Number of protein chains: 2
Amino acid sequence: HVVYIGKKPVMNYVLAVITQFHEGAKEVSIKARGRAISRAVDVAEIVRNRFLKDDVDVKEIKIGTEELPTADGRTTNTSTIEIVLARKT
Amino acid sequence: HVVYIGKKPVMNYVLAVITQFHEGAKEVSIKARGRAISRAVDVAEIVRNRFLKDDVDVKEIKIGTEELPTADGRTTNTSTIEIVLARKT
Ligand SMILES: NC(=[NH2+])NCCC[C@H](N)C(=O)O
């Protein structure tokens, strides 16, 4: 039950999101990291706003720091975001 | 108590937030819109995960979208985030 923001267009994911919601999913998670986090809030915004206002709330938002491997076997840090949209209760 | 994420280097804003708490700030909000959001999360993470690991955490995170009167009689929407960090008591 999760849609990850990749290279595809923002509207490509609100599609994937609503699709899982259509297919039942009671909570769909919109995950992203790095600069793709802006596109993540984009998706969740267009969904709750433009398409599923009536019956879809933001259940919670949680952030974090993932780890990226560098040429030195050491690791960099990249912010991440998790937006869980749930069916309006 | 607010720090808006502009273009400035990350650290300038993290340091900014910190200074706020350093003065007693019992809660600070890292706001950003558009492509900045991702950088709004960088900040909030670095603060609660590194420079203030022992005395500050995420009290809550908010999202939304806003109108921006632009070219001609047109308004553009942009996503917005308001990460709230509170003092650990
Ligand atoms: N948890 C974090 N995002 N920490 C800071 C890394 C953010 C960004 N990738 C940078 O290095 O500027």
# chains A, B, ... in the order shown; residues from 1 in each chain; ligands from 1
>>> closest_atom_pairs(of="chain B", to="chain A", cutoff="12 Å", atoms="only C-alpha atoms", output="Markdown table")
| residue | atom | partner | partner_atom | distance |
| --- | --- | --- | --- | --- |
| B:32 | CA | A:38 | CA | 9.8 |
| B:33 | CA | A:38 | CA | 8.3 |
| B:34 | CA | A:38 | CA | 6.2 |
| B:35 | CA | A:38 | CA | 5.5 |
| B:36 | CA | A:38 | CA | 7.4 |
| B:37 | CA | A:38 | CA | 5.6 |
| B:38 | CA | A:37 | CA | 5.3 |
| B:39 | CA | A:35 | CA | 7.7 |
| B:40 | CA | A:79 | CA | 9.3 |
| B:41 | CA | A:79 | CA | 6.1 |
| B:42 | CA | A:79 | CA | 5.4 |
| B:43 | CA | A:79 | CA | 8.9 |
| B:44 | CA | A:63 | CA | 9.0 |
| B:45 | CA | A:64 | CA | 6.7 |
| B:46 | CA | A:65 | CA | 8.8 |
| B:47 | CA | A:65 | CA | 11.6 |
| B:48 | CA | A:64 | CA | 10.1 |
| B:49 | CA | A:65 | CA | 8.6 |
| B:50 | CA | A:65 | CA | 10.9 |
| B:57 | CA | A:63 | CA | 11.3 |
| B:58 | CA | A:63 | CA | 9.0 |
| B:59 | CA | A:62 | CA | 10.8 |
| B:60 | CA | A:61 | CA | 8.1 |
| B:61 | CA | A:61 | CA | 6.3 |
| B:62 | CA | A:61 | CA | 7.7 |
| B:63 | CA | A:41 | CA | 7.2 |
| B:64 | CA | A:45 | CA | 6.5 |
| B:65 | CA | A:45 | CA | 6.9 |
| B:66 | CA | A:45 | CA | 10.5 |
| B:77 | CA | A:42 | CA | 9.6 |
| B:78 | CA | A:42 | CA | 7.7 |
| B:79 | CA | A:42 | CA | 5.9 |
| B:80 | CA | A:41 | CA | 7.8 |
| B:81 | CA | A:41 | CA | 8.3 |
| B:82 | CA | A:61 | CA | 11.2 |
| B:83 | CA | A:63 | CA | 9.7 |
| B:84 | CA | A:63 | CA | 11.9 |
>>> write_last_selection(atoms="N, CA, C and O atoms", output="compact mmCIF listing (two decimals), in the first residue's frame")
# COMPACT_ATOMS: atom_id res chain seq x y z
N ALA B 32 8.22 26.21 4.63
CA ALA B 32 8.79 26.26 3.28
C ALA B 32 7.72 25.94 2.26
O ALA B 32 6.76 25.22 2.55
N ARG B 33 7.86 26.47 1.06
CA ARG B 33 6.89 26.19 0.02
C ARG B 33 7.63 25.80 -1.26
O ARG B 33 8.78 26.19 -1.45
N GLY B 34 6.97 25.02 -2.11
CA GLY B 34 7.59 24.60 -3.35
C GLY B 34 8.81 23.75 -3.09
O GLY B 34 8.89 23.08 -2.06
N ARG B 35 9.77 23.78 -4.02
CA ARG B 35 11.02 23.01 -3.93
C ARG B 35 11.81 23.17 -2.63
O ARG B 35 12.77 22.45 -2.40
N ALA B 36 11.41 24.12 -1.79
CA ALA B 36 12.08 24.36 -0.51
C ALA B 36 11.70 23.31 0.53
O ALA B 36 12.55 22.86 1.30
N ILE B 37 10.43 22.91 0.54
CA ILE B 37 9.94 21.90 1.48
C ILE B 37 11.02 20.86 1.77
O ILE B 37 11.39 20.67 2.93
N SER B 38 11.54 20.19 0.74
CA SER B 38 12.59 19.19 0.93
C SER B 38 13.70 19.75 1.83
O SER B 38 14.23 19.06 2.69
N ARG B 39 14.05 21.01 1.62
CA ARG B 39 15.09 21.63 2.43
C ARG B 39 14.57 22.01 3.80
O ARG B 39 15.36 22.29 4.70
N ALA B 40 13.25 22.02 3.96
CA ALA B 40 12.63 22.35 5.24
C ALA B 40 12.74 21.12 6.12
O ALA B 40 12.79 21.21 7.35
N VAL B 41 12.78 19.97 5.47
CA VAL B 41 12.90 18.71 6.17
C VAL B 41 14.37 18.51 6.51
O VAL B 41 14.69 18.00 7.58
N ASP B 42 15.28 18.90 5.61
CA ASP B 42 16.70 18.74 5.91
C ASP B 42 16.83 19.36 7.29
O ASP B 42 17.05 18.68 8.27
N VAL B 43 16.65 20.67 7.34
CA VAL B 43 16.72 21.42 8.57
C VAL B 43 16.16 20.68 9.77
O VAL B 43 16.90 20.24 10.64
N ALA B 44 14.84 20.54 9.83
CA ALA B 44 14.19 19.85 10.94
C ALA B 44 14.90 18.57 11.37
O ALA B 44 14.94 18.27 12.56
N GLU B 45 15.45 17.82 10.42
CA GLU B 45 16.15 16.57 10.73
C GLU B 45 17.47 16.85 11.44
O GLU B 45 17.69 16.41 12.56
N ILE B 46 18.34 17.60 10.77
CA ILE B 46 19.63 17.98 11.32
C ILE B 46 19.51 18.51 12.75
O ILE B 46 20.37 18.26 13.58
N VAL B 47 18.44 19.25 13.03
CA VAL B 47 18.24 19.81 14.36
C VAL B 47 17.88 18.79 15.43
O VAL B 47 18.49 18.74 16.50
N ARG B 48 16.87 17.97 15.14
CA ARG B 48 16.38 16.96 16.06
C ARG B 48 17.23 15.69 16.09
O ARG B 48 17.23 14.96 17.09
N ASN B 49 17.95 15.45 15.00
CA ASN B 49 18.82 14.27 14.89
C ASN B 49 20.28 14.49 15.19
O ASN B 49 20.98 13.56 15.56
N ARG B 50 20.76 15.73 15.04
CA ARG B 50 22.18 16.02 15.29
C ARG B 50 22.49 17.07 16.35
O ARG B 50 22.91 16.76 17.46
N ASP B 57 12.46 17.64 19.51
CA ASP B 57 11.91 16.67 18.56
C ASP B 57 10.75 17.29 17.79
O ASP B 57 10.35 18.42 18.06
N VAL B 58 10.24 16.55 16.81
CA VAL B 58 9.13 17.02 15.99
C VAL B 58 7.81 16.92 16.76
O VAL B 58 7.38 15.82 17.11
N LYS B 59 7.20 18.06 17.05
CA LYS B 59 5.93 18.10 17.78
C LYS B 59 4.79 17.79 16.81
O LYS B 59 3.78 17.20 17.19
N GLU B 60 4.96 18.22 15.56
CA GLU B 60 3.98 17.96 14.51
C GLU B 60 4.41 18.54 13.16
O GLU B 60 5.25 19.44 13.09
N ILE B 61 3.84 17.99 12.09
CA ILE B 61 4.14 18.46 10.75
C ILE B 61 2.85 18.73 10.01
O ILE B 61 1.92 17.93 10.06
N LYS B 62 2.79 19.86 9.33
CA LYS B 62 1.60 20.22 8.58
C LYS B 62 1.88 20.45 7.09
O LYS B 62 3.00 20.78 6.70
N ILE B 63 0.86 20.25 6.27
CA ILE B 63 0.99 20.49 4.84
C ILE B 63 -0.26 21.18 4.30
O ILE B 63 -1.30 21.24 4.96
N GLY B 64 -0.13 21.71 3.09
CA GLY B 64 -1.24 22.40 2.46
C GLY B 64 -0.79 22.92 1.12
O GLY B 64 0.24 22.50 0.59
N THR B 65 -1.56 23.85 0.56
CA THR B 65 -1.24 24.42 -0.73
C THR B 65 -1.65 25.88 -0.69
O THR B 65 -2.52 26.25 0.09
N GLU B 66 -1.02 26.72 -1.51
CA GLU B 66 -1.40 28.13 -1.49
C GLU B 66 -1.48 28.78 -2.86
O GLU B 66 -0.76 28.40 -3.78
N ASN B 77 -0.77 27.14 -7.72
CA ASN B 77 -0.79 26.52 -6.41
C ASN B 77 0.61 26.01 -6.16
O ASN B 77 1.35 25.71 -7.09
N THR B 78 0.97 25.96 -4.88
CA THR B 78 2.26 25.41 -4.48
C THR B 78 1.99 24.79 -3.13
O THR B 78 1.19 25.31 -2.34
N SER B 79 2.64 23.66 -2.91
CA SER B 79 2.50 22.94 -1.66
C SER B 79 3.31 23.67 -0.59
O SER B 79 4.29 24.36 -0.88
N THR B 80 2.89 23.52 0.66
CA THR B 80 3.54 24.18 1.77
C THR B 80 3.64 23.25 2.98
O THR B 80 2.75 22.44 3.22
N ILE B 81 4.73 23.39 3.74
CA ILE B 81 4.94 22.57 4.92
C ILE B 81 5.31 23.45 6.11
O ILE B 81 5.97 24.48 5.97
N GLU B 82 4.85 23.04 7.29
CA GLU B 82 5.12 23.76 8.53
C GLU B 82 5.57 22.80 9.61
O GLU B 82 4.77 22.41 10.46
N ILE B 83 6.84 22.41 9.61
CA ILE B 83 7.34 21.48 10.62
C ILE B 83 7.53 22.19 11.96
O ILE B 83 8.23 23.20 12.06
N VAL B 84 6.90 21.65 13.00
CA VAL B 84 6.99 22.23 14.33
C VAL B 84 7.88 21.39 15.23
O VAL B 84 7.61 20.21 15.43
>>> residues_around(residues="residue 13 (chain A)", least_positions_apart="2", cutoff="9 Å", atoms="only C-alpha atoms", output="list in words")
residues 3, 4, 5, 6, 8, 9, 10, 11, 15, 16, 17, 18, 30, 40 and 43 of chain A
>>> residues_around(residues="residue 55 (chain B)", least_positions_apart="2", cutoff="9 Å", atoms="only C-alpha atoms", output="mmCIF file with N, CA, C and O atoms, in the first residue's frame")
data_model
loop_
_atom_site.group_PDB
_atom_site.id
_atom_site.type_symbol
_atom_site.label_atom_id
_atom_site.label_comp_id
_atom_site.auth_asym_id
_atom_site.auth_seq_id
_atom_site.Cartn_x
_atom_site.Cartn_y
_atom_site.Cartn_z
ATOM 1 N N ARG B 48 16.866 17.970 15.137
ATOM 2 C CA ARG B 48 16.377 16.957 16.064
ATOM 3 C C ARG B 48 17.230 15.693 16.091
ATOM 4 O O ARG B 48 17.233 14.963 17.088
ATOM 5 N N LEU B 52 20.633 18.973 18.193
ATOM 6 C CA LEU B 52 19.787 19.122 19.369
ATOM 7 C C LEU B 52 19.150 17.795 19.740
ATOM 8 O O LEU B 52 18.145 17.742 20.452
ATOM 9 N N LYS B 53 19.773 16.728 19.254
ATOM 10 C CA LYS B 53 19.351 15.355 19.498
ATOM 11 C C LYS B 53 18.757 15.154 20.901
ATOM 12 O O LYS B 53 17.689 14.556 21.054
ATOM 13 N N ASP B 57 12.461 17.638 19.506
ATOM 14 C CA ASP B 57 11.915 16.666 18.564
ATOM 15 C C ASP B 57 10.754 17.289 17.789
ATOM 16 O O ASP B 57 10.350 18.424 18.063
ATOM 17 N N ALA B 86 9.502 21.127 19.068
ATOM 18 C CA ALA B 86 9.314 21.633 20.416
ATOM 19 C C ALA B 86 10.460 21.195 21.319
ATOM 20 O O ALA B 86 11.208 20.274 20.997
ATOM 21 N N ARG B 87 10.595 21.871 22.449
ATOM 22 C CA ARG B 87 11.643 21.557 23.406
ATOM 23 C C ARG B 87 11.268 20.284 24.158
ATOM 24 O O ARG B 87 10.117 20.112 24.565
ATOM 25 N N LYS B 88 12.235 19.383 24.318
ATOM 26 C CA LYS B 88 12.005 18.140 25.046
ATOM 27 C C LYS B 88 11.988 18.455 26.534
ATOM 28 O O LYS B 88 12.987 18.921 27.082
ATOM 29 N N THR B 89 10.860 18.215 27.191
ATOM 30 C CA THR B 89 10.784 18.475 28.622
ATOM 31 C C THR B 89 10.592 17.179 29.396
ATOM 32 O O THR B 89 10.420 16.121 28.744
#
>>> select_by_dssp(residues="region 18-71 of chain A", states="alpha helix (DSSP H)", output="CSV table (one decimal) with C-alpha atoms, in the first residue's frame")
chain,number,residue,atom,x,y,z
A,18,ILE,CA,-6.1,7.0,-6.1
A,19,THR,CA,-5.8,3.7,-7.9
A,20,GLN,CA,-4.8,1.8,-4.7
A,21,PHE,CA,-7.5,3.8,-3.0
A,22,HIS,CA,-10.0,2.8,-5.6
A,36,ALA,CA,11.4,14.4,-4.5
A,37,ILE,CA,9.7,15.3,-1.2
A,38,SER,CA,8.2,18.5,-2.7
A,39,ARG,CA,6.6,16.3,-5.3
A,40,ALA,CA,5.4,14.1,-2.5
A,41,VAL,CA,3.4,16.8,-0.8
A,42,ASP,CA,2.3,17.7,-4.3
A,43,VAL,CA,0.8,14.3,-4.8
A,44,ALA,CA,-0.9,14.1,-1.4
A,45,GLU,CA,-2.2,17.7,-1.9
A,46,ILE,CA,-3.8,17.0,-5.3
>>> calpha_fit_rmsd(fixed="chain B", moving="chain A")
0.8 Å
>>> select_by_dssp(residues="chain A", states="strand (DSSP E or B)", output="PyMOL selection string")
chain A and resi 2-4+27-33+57-69+75-86
>>> write_last_selection(atoms="N, CA and C atoms", output="CSV table (one decimal), in the first residue's frame")
chain,number,residue,atom,x,y,z
A,2,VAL,N,1.8,1.4,-0.9
A,2,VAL,CA,2.7,2.6,-0.9
A,2,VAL,C,3.1,3.0,-2.3
A,3,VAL,N,3.1,4.4,-2.5
A,3,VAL,CA,3.5,5.0,-3.8
A,3,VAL,C,4.7,5.8,-3.6
A,4,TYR,N,5.8,5.4,-4.2
A,4,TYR,CA,7.1,6.0,-4.1
A,4,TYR,C,7.3,7.0,-5.2
A,27,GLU,N,-5.6,2.9,3.6
A,27,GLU,CA,-4.5,3.9,3.9
A,27,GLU,C,-3.4,3.7,2.8
A,28,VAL,N,-3.1,4.7,2.1
A,28,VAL,CA,-2.0,4.6,1.1
A,28,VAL,C,-0.9,5.6,1.5
A,29,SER,N,0.3,5.1,1.5
A,29,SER,CA,1.5,5.8,1.9
A,29,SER,C,2.2,6.5,0.7
A,30,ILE,N,2.4,7.8,0.8
A,30,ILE,CA,3.2,8.5,-0.2
A,30,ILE,C,4.6,8.8,0.3
A,31,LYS,N,5.6,8.0,-0.2
A,31,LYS,CA,6.9,8.1,0.2
A,31,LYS,C,7.8,8.8,-0.8
A,32,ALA,N,8.8,9.6,-0.3
A,32,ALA,CA,9.8,10.3,-1.1
A,32,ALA,C,11.0,10.7,-0.3
A,33,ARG,N,12.0,11.1,-1.0
A,33,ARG,CA,13.3,11.5,-0.3
A,33,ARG,C,14.0,12.5,-1.2
A,57,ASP,N,-8.5,11.6,4.4
A,57,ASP,CA,-7.8,12.5,5.3
A,57,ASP,C,-6.3,12.1,5.4
A,58,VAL,N,-5.5,13.1,5.9
A,58,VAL,CA,-4.1,12.8,6.0
A,58,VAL,C,-4.0,12.2,7.4
A,59,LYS,N,-3.7,10.9,7.5
A,59,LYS,CA,-3.6,10.1,8.7
A,59,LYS,C,-2.4,10.5,9.6
A,60,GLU,N,-1.3,10.9,9.0
A,60,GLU,CA,-0.1,11.3,9.7
A,60,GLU,C,1.0,11.6,8.8
A,61,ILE,N,2.0,12.4,9.2
A,61,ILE,CA,3.1,12.7,8.4
A,61,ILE,C,4.3,12.5,9.2
A,62,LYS,N,5.2,11.6,8.7
A,62,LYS,CA,6.5,11.3,9.4
A,62,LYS,C,7.7,11.5,8.5
A,63,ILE,N,8.7,12.2,9.0
A,63,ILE,CA,9.9,12.4,8.3
A,63,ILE,C,11.1,11.6,8.9
A,64,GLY,N,12.2,11.7,8.1
A,64,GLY,CA,13.3,10.9,8.6
A,64,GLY,C,14.5,11.2,7.7
A,65,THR,N,15.6,10.5,8.1
A,65,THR,CA,16.9,10.7,7.4
A,65,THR,C,17.4,9.3,6.9
A,66,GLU,N,17.4,9.1,5.6
A,66,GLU,CA,17.9,7.9,5.0
A,66,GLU,C,19.4,8.0,4.9
A,67,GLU,N,20.1,6.9,4.4
A,67,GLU,CA,21.5,6.9,4.3
A,67,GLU,C,21.9,6.6,2.8
A,68,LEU,N,22.9,7.4,2.3
A,68,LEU,CA,23.4,7.2,0.9
A,68,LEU,C,24.8,6.8,1.0
A,69,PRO,N,25.2,5.8,0.3
A,69,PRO,CA,26.6,5.3,0.2
A,69,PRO,C,27.4,6.2,-0.7
A,75,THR,N,28.9,7.3,4.3
A,75,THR,CA,27.5,7.6,3.9
A,75,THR,C,27.1,9.0,4.1
A,76,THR,N,26.3,9.6,3.1
A,76,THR,CA,25.7,10.9,3.2
A,76,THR,C,24.3,10.8,3.8
A,77,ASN,N,23.6,11.9,4.0
A,77,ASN,CA,22.3,11.8,4.5
A,77,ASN,C,21.3,12.5,3.6
A,78,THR,N,20.1,12.0,3.4
A,78,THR,CA,19.1,12.6,2.5
A,78,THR,C,17.8,12.5,3.3
A,79,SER,N,17.1,13.7,3.4
A,79,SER,CA,15.8,13.7,4.1
A,79,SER,C,14.8,12.8,3.4
A,80,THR,N,13.8,12.5,4.1
A,80,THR,CA,12.7,11.7,3.5
A,80,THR,C,11.4,12.1,4.1
A,81,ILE,N,10.3,11.8,3.5
A,81,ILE,CA,9.0,12.1,4.0
A,81,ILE,C,8.1,11.0,3.7
A,82,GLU,N,7.1,10.8,4.6
A,82,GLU,CA,6.1,9.7,4.5
A,82,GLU,C,4.8,10.4,4.8
A,83,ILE,N,3.9,10.4,3.8
A,83,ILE,CA,2.5,10.9,4.0
A,83,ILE,C,1.5,9.8,3.8
A,84,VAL,N,0.9,9.5,4.9
A,84,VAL,CA,-0.2,8.5,4.9
A,84,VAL,C,-1.6,9.1,4.9
A,85,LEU,N,-2.2,8.9,3.7
A,85,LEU,CA,-3.6,9.3,3.5
A,85,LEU,C,-4.5,8.2,3.9
A,86,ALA,N,-5.5,8.5,4.7
A,86,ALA,CA,-6.5,7.5,5.1
A,86,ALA,C,-7.9,7.9,4.7
